[PDB]
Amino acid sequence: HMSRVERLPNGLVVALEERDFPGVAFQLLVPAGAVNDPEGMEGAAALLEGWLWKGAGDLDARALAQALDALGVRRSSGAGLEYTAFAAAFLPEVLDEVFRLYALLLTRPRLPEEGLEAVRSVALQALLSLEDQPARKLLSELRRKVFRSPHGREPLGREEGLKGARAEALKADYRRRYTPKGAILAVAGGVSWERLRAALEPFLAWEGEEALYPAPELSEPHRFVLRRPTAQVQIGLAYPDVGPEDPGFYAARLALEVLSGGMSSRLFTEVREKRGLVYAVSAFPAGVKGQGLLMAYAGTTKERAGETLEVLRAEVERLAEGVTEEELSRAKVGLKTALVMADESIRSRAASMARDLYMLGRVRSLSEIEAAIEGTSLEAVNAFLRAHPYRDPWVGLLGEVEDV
């Protein structure tokens, strides 16, 4: 499997990975997200994404949904921190018409003022549900404390931002941020490059200015508490980490697999198997372009929260002492299996291609990644871990926890 990438004259980056499969999937990233919402309009990208689906060209909201449903398009979309993602999957016979409708949605949305109040009401319910999801609530507050910059914002918005956003300001925001310069379209499946290029002709009309991204700025590490009457205390840790834009990435990814990648990993072994402190514990990347971040999470009772946090923090920070030959061997075979399984689906491959393009400006081949991981030595991992220890986390707790 090989990938082909091109920048169209308007700046849209399009990538294709052809496969012998009667199906096509894409992932379209538009560079409008919470990170570049207008000041005082936290939630604009969430409102824009919902407002797009209220009609395009001659189709109103219901006719647009029917038109894509009549093509068999299985789809989802949503505004994120750094971009708004649109995912679609369909059979190859409807290729031309699917792409014509998505170009219409992006470049000629109706944006009806009547439909806006339904968009706003839906967005406010989505934001409200975060309050009933203590794990997600804690980690969202955690990233907000970590960043002084807009990279701390919640992708669902803020209540006052969603409530005060006015129609004409939102339209002006749409005309500014829904730009092809910085947008990425990644496609996988049973379509040739020539047939895909002909289908993208309606996208050539899309025009815009380069998308703005503020620089990341960390706060100073500190501990914070959200006092809530939950059944379990939510514990969250955040550490600066390397992300994909680092020559040490494969070493850090192998060390992360040792820390948290399976049943024999450090966190599962110490927090759950031996001590029985939690059902849920994990460590996972949670950063942005320009600032990687390692987040750790555990849920437990308030009686065990102190010991859980101590063990969790000890395991992350002990990683600097290195991993063993056997630990590393297991990490390489596990990641290989995960990579092969995540390559199987065209939907997940389109998503991976798009993130690679966003973060690196190129698509990494599966063969390149597997060989780089297999051929990362123990000494390389140990040396990286000594030079880059995890220290000085932000600490967040949500639950029946004391504070001053």
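Quick note: we count residues from 1 along the sequence shown, nothing fancier.
task: Read off the CA B-factors in the entry, average them over 159-167 and over 185-193, and name the higher stretch.
output: According to the entry, 159-167 carries the higher average C-alpha B-factor.
- prompt: Got a sec? Mean C-alpha B-factor, which is higher, 258-266 or 82-90?
  reply: Between 258-266 and 82-90, it is 258-266 that shows the higher mean C-alpha B-factor.
Among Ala198, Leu218, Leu309, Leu139 - the residue whose C-alpha B-factor is largest in the record: So the option with the highest C-alpha B-factor is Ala198.
query: What's the residue among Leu48, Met41, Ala67, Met359 with the greatest CA temperature factor in the PDB record?
result: Comparing C-alpha B-factors across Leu48, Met41, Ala67, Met359, the maximum falls on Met41.
Chain-relative CA temperature factor third for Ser345: As the PDB entry reports it, the C-alpha B-factor of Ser345 lands in the highest third of its chain.
message: Is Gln27 in the lowest, middle or highest third of its chain when residues are ranked by C-alpha B-factor?
response: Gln27: CA B-factor falls in the lowest third of its chain.
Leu71 by Cα B-factor - lowest, middle or highest third of the modelled chain: It belongs to the lowest third of the chain when residues are ordered by C-alpha B-factor.
query: Which third of the chain holds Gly33 when residues are ordered by C-alpha B factor: lowest, middle or highest?
result: According to the entry, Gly33 has a C-alpha B-factor in the chain's lowest third.
- request: Determine, from the deposited record, the chain-internal third of the Cα B-factor for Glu273: lowest, middle or highest.
  value: Highest third, going by the recorded CA B-factors of the chain.
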